[PDB]
Structure formats: C-alpha cells, structure tokens
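See structure below.
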Protein chains: 2
Amino acid sequence: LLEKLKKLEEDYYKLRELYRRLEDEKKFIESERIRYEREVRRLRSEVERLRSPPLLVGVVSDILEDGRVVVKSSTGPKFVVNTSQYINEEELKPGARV
Amino acid sequence: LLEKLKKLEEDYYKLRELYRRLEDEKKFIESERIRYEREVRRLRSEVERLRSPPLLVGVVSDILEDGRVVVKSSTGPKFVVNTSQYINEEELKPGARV
C-alpha cells in the first residue's frame, strides 16, 4: 500500500545518512593508518640498529624475577638490564651467551 | 500516490547501497589501523627500556658513618657512593649486593 512504501523510504533515508557519516569517518581513519604505519617502520629500524653492530657478547650471570637479567660482560663488569619480548628467559640460563 | 513514493524510494535505496560498498573496501584499512596501533605501542615500549642506561652491579664492601656506602664495583675498583631513600643504608649492611 501507501503506508508500506512510506515505512521503507524513511528506513533507507536514515540508514543512508548513518553510512554517509561513517564513510567520511573511515576516510579519516585512513589518514590515521598512514601515520601509524610509518611509526611501525621507524620503531622497527631502532630494533634493527640493535641487531646491527656495535654488538657485544655478554654471558648471563643469573636471571632475576623482578624483570631484570644480571649479565657478566666479557669486558669485565656485570650489569643489570631489563627483559624484552625479543628474548625468552627460559632460553636464558647461567652461561647463556647473548 | 504509490508510484510517487516509489520513485523517491528507489533513489535513496540506490544511494544507500553505494555508501555501504565503499564502507566495506575501507573496513580493511581500519582493521590495518588497529593492528598497526598495537605494533606502534609494543615496539616503542621495549626499545625504550633497553635504550635506558644499563645499571652496574656493585657489592657493599664497607659503609661509612657519614651516611655514604663504599661499594666495590663489578669492573674491579672501589668507589664511595651515596645512599638514596628508596633504599636506606639501614636496609643495607656490608655484603648486600646493590
């Protein structure tokens, strides 16, 4: 009928507007993704500066559960340095090269 | 009447759909956004802690009544160092590794 066609016209109209705002929102989201993509390549490069030399072999002295590792360096001195998600401390042991 | 409402109902019904198609294409870009957000946070946090100065290990060989503590360094030589307030020199005695 006449009533039924008025129910659907308004329904599409409201849904139309909803998606319309959302299409701009997600265009803007894209701009945000370029900003974060760049940050990932930068922050990874800092990691790759670590993977580059100057590098120094130290051999693990003991492992602490406070979230630190005592490493006896081959230079001489032992030092306490924090853990990372670029290692496992399971794999670390007294006498583990690192 | 029925025909009049129908023409308008078609144009909106068409525009509805068109926005919903672009919304799908962009939905992957947003998924990438959220993904890269995590990769941004993770990388920066771990590189910061590792970049932070490494902390040398010492062993208290002696202690002064002047409120300084004489710490034999893991390099080899001995130094006279100042106590904090995190750690007080009555939380320490000779042989406490610090």
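Just remember, in the structure tokens the first chain shown is A, the second B, etc., residues are 1-based per chain, and ligands are 1-based in the order shown.
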All Cα atoms, paired in order, least squares: that's the fit I need for chain B onto chain A, output as a compact mmCIF listing (two decimals) with C-alpha atoms, in the first residue's frame.
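Below is the file selection-v8.txt, written as the result:
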```txt
# COMPACT_ATOMS: atom_id res chain seq x y z
CA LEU B 1 -5.93 6.51 -1.71
CA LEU B 2 -3.27 5.91 -4.36
CA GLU B 3 -2.38 9.47 -4.94
CA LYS B 4 -2.24 10.13 -1.07
CA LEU B 5 0.29 7.28 -0.42
CA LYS B 6 2.31 8.32 -3.49
CA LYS B 7 3.03 11.81 -2.15
CA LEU B 8 4.52 10.49 1.11
CA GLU B 9 6.35 7.72 -0.86
CA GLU B 10 8.09 10.36 -2.99
CA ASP B 11 9.34 12.54 -0.01
CA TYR B 12 10.86 9.50 1.82
CA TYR B 13 12.25 8.07 -1.48
CA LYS B 14 14.01 11.43 -2.06
CA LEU B 15 15.48 11.66 1.52
CA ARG B 16 16.65 8.06 1.24
CA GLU B 17 18.80 8.82 -1.72
CA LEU B 18 20.27 12.07 -0.41
CA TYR B 19 21.73 10.23 2.70
CA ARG B 20 23.03 7.42 0.47
CA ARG B 21 25.03 10.05 -1.58
CA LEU B 22 26.78 11.57 1.42
CA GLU B 23 27.42 7.93 2.60
CA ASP B 24 29.46 7.30 -0.50
CA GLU B 25 31.58 10.49 -0.19
CA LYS B 26 32.45 9.54 3.50
CA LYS B 27 33.15 5.94 2.55
CA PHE B 28 36.56 6.90 1.32
CA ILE B 29 37.30 8.73 4.59
CA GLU B 30 36.52 5.61 6.55
CA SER B 31 38.76 3.58 4.16
CA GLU B 32 41.54 6.07 4.94
CA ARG B 33 40.77 5.62 8.77
CA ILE B 34 41.32 1.86 8.72
CA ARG B 35 44.44 2.37 6.61
CA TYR B 36 45.96 4.88 8.98
CA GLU B 37 45.12 2.53 11.99
CA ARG B 38 47.50 0.05 10.67
CA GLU B 39 50.22 2.63 9.92
CA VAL B 40 49.78 3.91 13.52
CA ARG B 41 50.28 0.40 15.08
CA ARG B 42 53.21 -0.66 12.91
CA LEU B 43 55.32 2.39 13.28
CA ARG B 44 54.93 2.70 17.11
CA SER B 45 55.77 -1.04 17.64
CA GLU B 46 59.00 -1.00 15.71
CA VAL B 47 60.21 2.35 17.01
CA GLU B 48 59.60 1.14 20.62
CA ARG B 49 61.79 -1.96 20.32
CA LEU B 50 64.59 -0.06 18.72
CA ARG B 51 64.40 2.80 21.24
CA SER B 52 64.51 0.18 24.10
CA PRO B 53 68.19 0.15 25.59
CA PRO B 54 70.59 -1.93 23.52
CA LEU B 55 71.90 -5.07 25.44
CA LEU B 56 75.69 -5.53 25.59
CA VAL B 57 77.29 -8.88 24.85
CA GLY B 58 79.60 -10.48 27.47
CA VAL B 59 81.36 -13.86 27.78
CA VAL B 60 81.56 -15.60 31.16
CA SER B 61 85.32 -15.73 31.90
CA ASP B 62 84.70 -17.03 35.48
CA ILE B 63 82.08 -17.61 38.05
CA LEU B 64 82.00 -17.20 41.83
CA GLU B 65 80.56 -19.52 44.46
CA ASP B 66 78.91 -16.48 45.85
CA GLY B 67 76.38 -16.84 43.13
CA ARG B 68 77.86 -13.90 41.08
CA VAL B 69 79.27 -14.52 37.64
CA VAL B 70 82.45 -12.68 36.38
CA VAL B 71 81.68 -11.52 32.84
CA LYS B 72 84.45 -10.14 30.44
CA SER B 73 82.66 -7.43 28.55
CA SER B 74 82.82 -6.97 24.71
CA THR B 75 84.06 -3.30 25.46
CA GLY B 76 87.13 -5.00 26.98
CA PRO B 77 87.07 -4.70 30.80
CA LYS B 78 85.78 -7.38 33.14
CA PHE B 79 82.83 -6.88 35.61
CA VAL B 80 81.19 -9.00 38.39
CA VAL B 81 77.50 -9.28 37.63
CA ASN B 82 74.44 -10.75 39.22
CA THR B 83 72.61 -13.86 37.90
CA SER B 84 68.79 -13.78 37.33
CA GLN B 85 66.04 -16.41 37.51
CA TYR B 86 65.27 -16.45 33.76
CA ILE B 87 68.75 -17.68 33.57
CA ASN B 88 70.34 -19.47 36.61
CA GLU B 89 74.05 -19.76 37.10
CA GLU B 90 73.75 -23.58 36.81
CA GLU B 91 72.33 -22.94 33.24
CA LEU B 92 75.79 -21.25 32.76
CA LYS B 93 79.38 -22.24 32.99
CA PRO B 94 82.61 -20.40 31.95
CA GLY B 95 82.48 -19.70 28.08
CA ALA B 96 78.74 -19.32 27.84
CA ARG B 97 78.17 -16.07 25.97
CA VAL B 98 75.42 -13.98 27.63
```
Legend entry - Sel. of strand (DSSP E) residues, chain A, as a PyMOL selection string: chain A and resi 58-63+68-73+78-82
